[PDB]
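Visitor: Pasting in a structure now, in structure tokens, and then I'll have a few things to ask.
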Ligand code: HEM
Ligand SMILES: C[C@@H](C(=O)Nc1ccc(Cl)cc1)[C@H]1CC[C@H](c2ccnc3ccc(F)cc32)CC1
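Residue numbers (the deposited numbering): 12 to 246, 263 to 362, 379 to 401.
Written as structure tokens, this is what we have:
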């Protein structure tokens, strides 16, 4: 499906991403690289304002353009937030502004650190002929020390990658539908569910690598989309495609409704690469797997469909426990409306659960 920029092995994630910019952008790299210390000390802001307005042109191809969105990305948040206690003032200088606001409008992304940046493009396997495991993976850019931004980015990543096993049968699904192949479609739906259960195991690792109290107080403030004030020019899991992909594959209508829950999810598409946005919709353009599976009156097909929905609902429900442990509890011990959030996340679990057909 490579015109949508999906990869057999590594899903929506950018495969084997650039980790060296050109030389002309050695200025940029050596802020971003040594960024735990520039924030800690305070000589980050210093060093950004004491810089020049580099052109984006020398960035040739995609992989290189995207690394640039990352480097500029971590720099922007770190600059604007600072140490993340009071200093959060003062809009970016036009040194970093125009590149980011140029390169963002080029790659059709927002001028802001997104999932596509800080997870998808933000990794490398250390020993190039070793497997996609936690040992043999590391991120390109952290923010502080003990922000657990390695564990976080990489567990996030490894889920995209488990999902990649399911995503890659989806043509087999739509193929076997139009060509009236019950047996083919049936296996294809058990494959998906059997992979989406695999996706939950990877998810368990979050406990192991990401520290609860660390994440809340330290790291999340730099991924907080539009907290603060941009003040530049004319005006992060859950920006993931993985969940909305299979929302749509299984004809589960989240974004259909007159509700906040729904519109939030459809807005999240604007934080995705354009190619993924494109992909998602293509799925919607296709005949409904849900409606098809219903018409046939085939007990074993509903079973294999209900298995994919089970699998999703499973993921969503676990996701909540993770939020309890990594937001709610930590959020308490931190000297009104509060958590409508858990409403939101349930409202979406709920809606997925409703799409079961016994
Ligand atoms: C410490 C780890 C995580 C925490 C604390 C967390 C927290 C949250 C929260 C609070 C939301 C609601 C909107 C918001 O972000 O403000 C959210 C939404 C979401 N998160 Fe996460 N998340 C985590 C990891 C993940 C991972 C690894 C994935 C996928 C690989 C994921 C997938 C989603 C999705 C798809 C949504 C949109 C709502 C939905 O589809 O149900 N999250 N997350
Ligand atoms: C930052 C917020 C926001 O403000 N939105 C917003 C949307 C539109 C507009 Cl116009 C303004 C703001 C919104 C919620 C806080 C952030 C957040 C919270 C809790 N857990 C997280 C876990 C991982 C992660 F990556 C981010 C997490 C994410 C983005």
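Note that CB positions come from ideal geometry on N, CA and C, so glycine has one too.
Residues in its own chain within less than 6 Å of residue 302 by CB, not counting five upstream and five downstream?
Guide: Correct list, in chain order: 15 and 16.
Visitor: Is the separation between the beta-carbon of residue 88 and that of residue 233 shorter than 9 Å?
Guide: Closer than 9 Å, so yes.
Visitor: Grab the span of the alpha helix (DSSP H) containing residue 44 for me, first residue to last.
Guide: First-last of the alpha helix (DSSP H) with residue 44: 37-44.
Visitor: So for residue 294, helix, strand or coil by DSSP?
Guide: Helix at residue 294.
Visitor: At a cut-off of 8 Å, is residue 398 close to ligand 2 when judged by its beta-carbon and the heavy atoms of the ligand?
Guide: Residue 398: no, Cβ never under 8 Å from ligand 2.
Visitor: Residue 29: which of 143, 132 and 113 sits nearest, CA to CA?
Guide: When each option's Cα is compared against that of residue 29, the closest is 132.
Visitor: So the candidates are 170, 54 and 332; which of them puts its Cα closest to the Cα of residue 42?
Guide: Answer by Cα proximity: 54.
Visitor: Is the distance from the Cβ of residue 136 to the Cβ of residue 31 below 9 Å?
Guide: No, these two residues do not count as a Cβ contact at 9 Å.
Visitor: To the nearest angstrom, how far is the alpha carbon of residue 72 from that of residue 78?
Guide: Whole-angstrom Cα-Cα distance: 11 Å.
Visitor: Within 8 Å: the Cβ of residue 175 and any heavy atom of ligand 2?
Guide: Not under cutoff, so the answer is no.
Visitor: Taking the Cβ atom as the reference point for each residue, do residue 222 and residue 159 lie within a distance shorter than 9 Å?
Guide: Result yes, Cβ atoms of residue 222 and residue 159 sit closer than 9 Å.
Visitor: Is it true that the region 171-185 meets the region 108-117, where meeting means three or more beta-carbon pairs spaced less than 8 Å apart?
Guide: Taking 8 Å as the limit for Cβ pairs, the verdict is that the region 108-117 does not touch the region 171-185.
Visitor: Which residue from 214, 321, 228 and 324 puts its Cα closest to that of residue 356?
Guide: Minimum Cα distance to residue 356 is reached at 228.
Visitor: Taking 9 Å as the cut-off, decide whether the C-beta atoms of residue 65 and residue 38 are in contact.
Guide: The answer is yes: Cβ separation under 9 Å.
Visitor: On the DSSP letters alone, give me the boundaries of the alpha helix (DSSP H) that residue 332 sits inside.
Guide: Per DSSP, residue 332 belongs to the alpha helix (DSSP H) from 326-350.
Visitor: Starting from residue 181 and walking both ways along the alpha helix (DSSP H), at which residues does that stretch end?
Guide: Start and end: 181-189.
Visitor: Please report the straight-line C-alpha distance between residue 82 and residue 40, rounded to a whole angstrom.
Guide: Each residue's Cα considered, the two are about 7 Å apart.
Visitor: Using only the heavy atoms of ligand 2, determine whether one of them is closer than 8 Å to the beta carbon of residue 284.
Guide: Flag unset: Cβ of residue 284 not near ligand 2.
Visitor: Within 8 Å, do at least three Cβ pairs link the region 322-336 to the region 183-200?
Guide: They touch, by the three-pair rule.
Visitor: From this set, 243, 35, 36 and 90, which residue's C-alpha is nearest residue 52's C-alpha?
Guide: The option with the nearest alpha carbon to residue 52 is 90.
Visitor: Measuring CB to CB, does residue 105 end up less than 9 Å from residue 196?
Guide: The answer is no: Cβ separation not under 9 Å.
Visitor: Between which two residues does the alpha helix (DSSP H) harbouring residue 73 extend?
Guide: Looking at the DSSP string, the run of the alpha helix (DSSP H) that includes residue 73 is 73-92.
Visitor: Please classify residue 135: does DSSP put it in a helix, a strand, or coil?
Guide: Here residue 135 sits in strand by DSSP.
Visitor: Give me every residue whose Cβ sits closer than 7 Å to any heavy atom of ligand 1, in chain order.
Guide: This criterion selects 163, 166, 167, 170, 171, 214, 217, 221, 226, 264, 265, 267, 269, 270, 271, 292, 295, 343, 346, 349, 350, 353, 354, 384, 387, 388, 391 and 392.
Visitor: Between residue 150 and residue 169, how many whole angstroms is the CB-CB distance? I'm expecting something under 8 Å.
Guide: Residue 150 to residue 169, Cβ: 12 Å. No contact.
Visitor: Under the three-state reduction of DSSP, which class applies to residue 18: helix, strand or coil?
Guide: Reduced to three states, the DSSP call for residue 18 is strand.
Visitor: Assuming residue 76 and residue 118 are in contact, meaning their beta carbons sit under 8 Å apart, how far apart are those beta carbons, in whole angstroms?
Guide: Correct: roughly 6 Å between the Cβ atoms.
Visitor: For residue 95, count neighbouring Cβ atoms within 10 angstroms of its own Cβ and tell me buried if that reaches 16, exposed if not.
Guide: So residue 95 ends up on the buried side.
Visitor: Helix, strand or coil: how does DSSP classify residue 194 here?
Guide: It is helical.
Visitor: Nearest by alpha-carbon distance to residue 217: which of 350, 57, 97 and 46 is it?
Guide: It is 350 whose Cα lies nearest to the Cα of residue 217.
Visitor: Which value, in whole angstroms, describes the spacing of the CA atoms of residue 310 and residue 276?
Guide: Those two C-alpha atoms are separated by around 6 Å.
Visitor: Less than 8 Å between the CB atoms is what I'm expecting for residue 46 and residue 58, so what's the real figure, rounded?
Guide: Rounded, the Cβ-Cβ distance is 10 Å, inconsistent with contact.
Visitor: Less than 8 Å separating the Cβ of residue 332 from some heavy atom of ligand 2?
Guide: Not so, every heavy atom of ligand 2 lies at least 8 Å from the Cβ.
Visitor: So, for residue 390: in the same chain, excluding its five sequence neighbours on each side, which residues have a beta-carbon less than 7 Å away from its beta-carbon?
Guide: So the list reads 288, once near-sequence residues are dropped.
Visitor: Which residue marks the beginning of the alpha helix (DSSP H) containing residue 162, and which one marks its end?
Guide: Here the alpha helix (DSSP H) through residue 162 covers 160-178.
Visitor: Whose CA, out of 22, 35 and 85, lies closest to the CA of residue 68?
Guide: Out of 22, 35 and 85, 35 has the C-alpha closest to the C-alpha of residue 68.
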